[PDB]
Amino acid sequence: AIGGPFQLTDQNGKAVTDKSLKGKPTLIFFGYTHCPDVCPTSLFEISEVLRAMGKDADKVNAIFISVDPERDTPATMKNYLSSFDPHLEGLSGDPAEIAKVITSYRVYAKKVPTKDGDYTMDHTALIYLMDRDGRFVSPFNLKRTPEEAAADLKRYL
């Protein structure tokens, strides 16, 4: 089964587990705060879907899990997510827990050293849709208007 148990921390320091994602459909994106193009564009596109949901945005989970736990602490994630829709929840964790979640969600993440102790990460770019029971449905299509993506997500309410 794609996905597994976890215990992570949101950008406000609140504990978040797999069990707390149950009851709502869930979009998940794995990335990192120092990503130059893919992450801000993906998280912007998700943000527009959440805006197009209106009041229903509170009835889904939209989760950004960092694959760069050495840098993406709650405070870093909070400030990063400040630019994006406020419904996005950013999850940080102990390196052990992130490595576990990466394996159970079949994520690819690889550090790529640049220069002077800095680095980028190659990583999975797909958006995961999990149902309200936490069961993987499919990857989620963002190549369409925010309203079309919102209408699709609403079917999982």
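The numbering used is simple: start at 1 and walk along the sequence shown.
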Practice problem: Return whichever of 53-61 and 125-133 has the greater mean Cα B factor according to the PDB record. | Solution: 53-61
Quiz item: Comparing 43-51 with 29-37, which stretch shows the greater average C-alpha B-factor in the deposited entry?
Solution: 29-37
Quiz prompt | Maximum C-alpha temperature factor, selected from 138, 9, 20, 141 | solution = 20
Practice problem: Return the residue from 116, 97, 68, 89 that has the highest Cα B-factor in the entry. | Solution: 116
Practice problem: For residue 104, return the chain-relative third of its C-alpha B-factor as stated in the PDB record: lowest, middle or highest. | Solution: middle
Exercise. Quick one: classify residue 153 as lowest, middle or highest third of the chain based on its Cα B-factor.
Key: middle
